[PDB]
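Visitor: In the UniProt record's numbering, the protein residues as written are 74 to 200, 205 to 229. We put the CB at the ideal spot given by N, CA and C, even for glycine.
What follows is the structure, encoded as structure tokens:
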């Protein structure tokens, strides 16, 4: 992925049918003003590890305004232009502190996961507490097949 450039689009039905955000590489302060930011040291979309993404809750378009509404079993769906990835939330929203960096590790202690998988993490960006959710990859399908079930 190229620092500062979009590489995917995210949809989260819980946050609204029309909620759609670009995901850019990196988490520099300027990236987070344009969209969601992928932690550049974490796994790529759909890969083994933990695909971790940050977004603002109360500034710059407030993409994560309604983060507290996320629930276990809620889907987080991304497209890279080739494949649709459906992740499913297992844990959170979990309240923590800005210095708690372990939440984006490949197997985060607080996620409840006890083994390697294909995970996704969302975090809010309070510099107050942050909220975190953790998810695992449930399904993939090609963009030729149309939109995945989560988005119909």
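So what's residue 216 in DSSP terms, helix, strand or just coil?
Guide: strand
Visitor: Taking the CB atoms as reference points, tell me whether residue 137 and residue 197 lie closer together than 7 Å.
Guide: yes
Visitor: Along the chain, where does the beta strand (DSSP E) that runs through residue 148 open and close?
Guide: 148-152
Visitor: Answer yes or no: do residue 122 and residue 104 have a C-beta to C-beta separation smaller than 7 Å?
Guide: no
Visitor: Do you know whose CA, among 119, 102 and 127, lies nearest residue 111's CA?
Guide: 127
Visitor: Determine the contact status of residue 139 and residue 193, defining contact as a CB-CB distance below 7 Å.
Guide: For residue 139 and residue 193, no; Cβs fall outside 7 Å.
Visitor: According to the neighbour-count rule (16 or more other Cβ atoms, all chains shown, within 10 Å of its Cβ), is residue 184 buried or exposed?
Guide: buried
Visitor: Could you tell me whether the segment 211-225 touches the segment 155-164, using the rule of 3 or more Cβ pairs below 8 Å?
Guide: The answer is yes - the segment 155-164 touches the segment 211-225, with three or more Cβ pairs under 8 Å.
Visitor: Could you give the C-beta distance for residue 98 and residue 133, rounded to a whole number, given that I count them as a contact under 8 Å?
Guide: So it is not a contact: roughly 17 Å between Cβ atoms.
Visitor: Go to residue 164, then tell me how far its alpha helix (DSSP H) extends in each direction, as first and last residue.
Guide: If you look at residue 164, you'll find it isn't in any alpha helix (DSSP H); it sits in the beta strand (DSSP E) that goes 156-169.
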